[PDB]
Amino acid sequence: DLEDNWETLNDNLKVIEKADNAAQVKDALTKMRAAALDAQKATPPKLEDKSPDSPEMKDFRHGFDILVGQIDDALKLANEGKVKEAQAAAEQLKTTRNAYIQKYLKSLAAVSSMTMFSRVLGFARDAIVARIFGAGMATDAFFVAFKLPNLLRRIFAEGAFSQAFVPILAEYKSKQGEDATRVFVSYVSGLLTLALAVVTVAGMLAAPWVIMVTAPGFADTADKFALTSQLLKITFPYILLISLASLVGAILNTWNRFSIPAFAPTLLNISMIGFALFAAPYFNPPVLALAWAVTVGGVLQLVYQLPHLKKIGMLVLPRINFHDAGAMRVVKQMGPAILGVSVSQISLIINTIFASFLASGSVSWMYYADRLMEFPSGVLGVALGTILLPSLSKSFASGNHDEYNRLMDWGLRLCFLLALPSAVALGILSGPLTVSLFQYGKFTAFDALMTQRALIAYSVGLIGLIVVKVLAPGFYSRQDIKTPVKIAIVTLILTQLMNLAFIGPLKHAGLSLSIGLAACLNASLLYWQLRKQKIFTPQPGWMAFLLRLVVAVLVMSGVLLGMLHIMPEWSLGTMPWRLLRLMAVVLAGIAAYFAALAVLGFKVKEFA
């Protein structure tokens, strides 16, 4: 393992610095030479996608080549008896380790998205929007208006184009030479811009009909329709903006740094927060600012990535003139994908339909609770997507079931171990979180209470969602298995029946608990299809493990309730003090969970 070789070299380093004899020094330098050579063989986490001969791997190995050369100099020094000069070479090895190899140990999922800074900015945007005018009918209008184009970007930008554009661009980059890829991208971007322009123009023009079909209950309230349609007209261009930005993102991912495309969400965040502060007094009604803030943000996301595109010689001159020839090579991939992609959106439309006939603020409460949940979902998602998912990718590509099965069982253990706590911990600290983050002027306690009743309901979906993240790769890895679509269609029918049942008793929390239970049902159907297809057979010993995890989670839950009872009201004080009481309770509950685990026959060794 590369991590095994890495901790080996580190341990040997600290041994060299505290050494007394030339034998003790020559031995450690010798082992470090062997270990550096052997570490040259792993495909580092930042390059898991890359082939073992591409210049990225070449650069990785060259860093280690310099490492071994320095260790050879140090072995020569130690052979001449120069204990101090050998130690000097040892302490200067770290410079090479930091310069050439350290940029390759970052995770692909971590480099790809969600730096802590951008996360904090997104939370600041949600808190700022709530404080100036959140949880009203205005924010209901805006949130509906905002989600409506975010459904359409899934069919154009992220879903069908990841199905189609991402592999074909690599093919062109390798087999077809560099220059043809330019023209290829020219026509792809051209036809995309055209079809997106058709969509945005039609959507702006027919926006009232769109709101009818989406959220018809608003005509019960007075003026709700006019605001929602005006906001939708304002925010519809955003898809033509963000799909192009996504395309440029993927291209800049293929060639150069993955981080610049990841910054782009921060531009929407920044635009929204500044626009809300400095423009909301200017617009009447004021929610308009937000809507402009969206579109104003979108432009920036695009125009931020264009300059870097120039350097890699990929600045598109979007040519629309190949209606027949340029389209098909990518539109064939789109055709099979659009079924699974479109069905999924239909359900979320129907969920906003259900939410229209409720009380003013139901949509906004649901949205703020969704915004709270997004944080652990992303965190757990990326953590599991660097630890386990790449290893499963390898063990599917090469070896047969046995290894792949043992890996997948360890991963299914890990899913519960990391998600079940987080789920129930957010259940407990729902109240503290919503009040501390969102209680400010125009956000009453009632709004935080309803958002809390939705956060309880959304919590259940956390574990099911991450288990889906684990299990879906197994089917997508099989080249022609297209069942997930069937599982998704079943999930959406079940979701609509659950809402029917849950709306009466539970109001908007019913529609939220239905999504939470639906994620677990998606995971359960993928699992039952993973074990009835004979792809995987569960390892033995879960019953004891599950009971241990139950006890540890119950421990953490007990500590959280005890600390909460001590705590003062979560309204006392300003935002910093409320959030520093929350950090107290959070860190305490987390440390208590790990303490329980350690006492409950669990490991503590942590690496990377």
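Here, residue numbers run from 1 along each chain following its sequence as written; these need not agree with the numbering used in the entry, and residues that have no coordinates do not appear. Only hydrogens and water are set aside when side-chain values are computed; all heavy atoms of the structure are taken into account. Residues with missing side-chain atoms are left out of burial classes, side-chain pairs and their counts.

Before going further, it helps to examine the packing of helix α13 (residues 265-279) against helix α14 (residues 287-311). Their axes nearest at 8 Å, the elements α13 and α14 cross at an angle of 145°. Note that α13 runs across α14; the crossing there is right-handed. Here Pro 265, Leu 267, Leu 268, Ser 271, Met 272, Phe 275 and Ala 279 of α13 lie close against α14, whose contacting residues are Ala 289, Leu 290, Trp 292, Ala 293, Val 294, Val 296, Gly 297, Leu 300, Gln 301 and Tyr 304. Residues are grouped as follows: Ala, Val, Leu, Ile, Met, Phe, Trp, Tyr, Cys and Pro are nonpolar; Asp, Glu, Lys and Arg are charged; all remaining types, including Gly, are polar. Here the residues of the contact of α13 with α14 are counted per class, giving 14 nonpolar, 3 polar and no charged. Between N-to-C directions, angles span 0 to 180 degrees; the directions come from axes that are lines fitted to C-alpha atoms, helices contributing only their stretch in contact. By definition, any uninterrupted DSSP run of H or I lasting at least four residues is a helix, any uninterrupted run of E lasting at least two residues is a strand, and each is numbered from the N terminus. By convention the crossing between two helices is left-handed if the near helix lies anticlockwise of the far one by an angle smaller than a right angle, and right-handed if it lies clockwise. Any two residues whose heavy atoms approach within 4.5 Å are treated as being in contact.

Turning to the domain arrangement of the chain, a few remarks are in order. In this document the domain limits rely on a domain assignment from an automatic tool or a database. Partitioning the chain into structural domains gives domain 1 (1-106) and domain 2 (107-608). Domain 1 and domain 2 are separated by 41 Å when their C-alpha centres are compared. Each partner contributes residues to the interface: domain 1 has 11 residues there, and domain 2 has 8 residues. In terms of residue class, the side of domain 1 that touches domain 2 is built from 2 nonpolar, 1 polar and 8 charged.

We describe a pair of aromatic rings using the distance from one ring centre to the other and the angle between the two ring planes. Two aromatic rings from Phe, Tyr or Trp, using only the six-membered ring of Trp, form a pair when their centres are within 6.5 Å; if the ring planes differ by under 30 degrees the pair is stacked, by over 60 it is edge-to-face, and anything between is tilted. Considering all chains together, one arrives at 24 aromatic pairs under this definition. Centroid distance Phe 60 to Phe 64: 5.1 Å. Interplanar angle 75°. Geometry classified as edge-to-face. Residue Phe 60 and its partner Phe 64 are both found in helix α3 (residues 55-79); the two are separated by 4 residues, about one turn of the helix. In this pair, the class of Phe 60 matches that of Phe 64, namely buried. The interplanar angle of 55° and the centroid separation of 5.7 Å between the aromatic rings of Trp 365 and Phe 446 together place this pair among those described as tilted. Placement of the pair is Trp 365 in helix α16 (residues 362-387) and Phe 446 in helix α20 (residues 445-459), with a sequence separation of 81 residues. Charges are assigned to positions over rings by a cutoff of 6 Å between ring centre and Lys NZ or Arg CZ, combined with an angular limit of 35 degrees from the ring normal. When the ring centre of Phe 602 is taken as origin, the NZ or CZ atom of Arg 548, which lies over that ring, is 4.7 Å away. Accessibility here uses a 1.4 Å probe with only protein chains present; expressed as a share of the type maximum, an area under 20% marks a residue as buried, one over 50% as exposed, and anything in between as partly exposed.

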